[PDB]
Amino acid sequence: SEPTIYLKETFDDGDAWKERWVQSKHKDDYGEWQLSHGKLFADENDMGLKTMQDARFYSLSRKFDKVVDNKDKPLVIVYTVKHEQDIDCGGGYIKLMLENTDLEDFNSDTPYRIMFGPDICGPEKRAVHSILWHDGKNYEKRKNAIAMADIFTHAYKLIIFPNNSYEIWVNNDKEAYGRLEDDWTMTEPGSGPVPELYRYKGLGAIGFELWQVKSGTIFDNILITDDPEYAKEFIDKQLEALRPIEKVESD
């Protein structure tokens, strides 16, 4: 069928991102954002979203193109993180919220449904957050996927299936998968059905709610869809030029 595109953000239509994304006014000293093609690039016209200030909180959010109801469909969330600055301590994860969230006040205390993406602070903490929602509370995964700490582009992807199962991908490596009821503690420990555990009806906003010490991270290629194959295709095409450029540098 034809893939539903709940959100597609590639920051490539000039200044237009400034009318989609809202800078929260909850704090007066929020970190400041900018478009950039990065140190290593293929096209001096391929831009990502960049943190510009050290030792700051960030809070910038935006509505979906279309509100989500993943009842009886997959839900695919994917985007790219580039810690080109060689990050010491900082978040690189996104927050997914209900559609009627007040973006002008978005912050750490705002309710959210999913928190997903890398979090680095020293060489021990290298975790991919994977926080889901059930019955009024957020729940951390039991064993988080391991995050990338190098200076190159990494695609982080979360897939939720209507049989209450999930996958987590970093690039084309599937780091985690299984059942929602087992790999989290959203449910009572003994086995039993929670039929709509997978369901995120009304999901409609994405936000970067972050702290960074050494800033300079670039986010790009944000897709929220119901089509896992379109998501692999979309990322593969978006990074088609960049991947070899970075591979040359790693070797």
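Position 1 is the first residue in the sequence shown; the rest follow in order.
Asks: Which is higher in the entry, the mean Cα B factor of 172-180 or that of 153-161?
Replies: According to the PDB entry, the answer is 172-180.
Asks: Taking the mean of the C-alpha B-factors per stretch from the entry, tell me the winner out of 181-189 and 41-49.
Replies: According to the entry, 41-49 carries the higher average C-alpha B-factor.
Asks: Which listed residue, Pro111, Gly117, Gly90, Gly122, has the largest C-alpha temperature factor in the record?
Replies: That would be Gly122.
Asks: Using the temperature factors of the C-alpha atoms in this entry, rank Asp105 within its chain: lowest, middle or highest third.
Replies: Answer is lowest: the recorded C-alpha B-factor places it there.
Asks: Ordered by C-alpha B-factor within the chain, which third holds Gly31? Give me lowest, middle or highest, please.
Replies: Tercile = middle for this residue's CA B-factor.
Asks: Classify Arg142 as lowest, middle or highest third according to the C-alpha B-factor given in the PDB entry, relative to its own chain.
Replies: Answer is middle: the recorded C-alpha B-factor places it there.
Asks: Against its chain's modelled residues, does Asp69's Cα B factor rank lowest, middle or highest third?
Replies: Middle third by C-alpha B-factor.
Asks: Looking at the entry's B-factor column for C-alpha atoms only, identify whether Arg126 ranks in the lowest, middle or highest third of its chain.
Replies: Its C-alpha B-factor belongs to the highest third of this chain's values.
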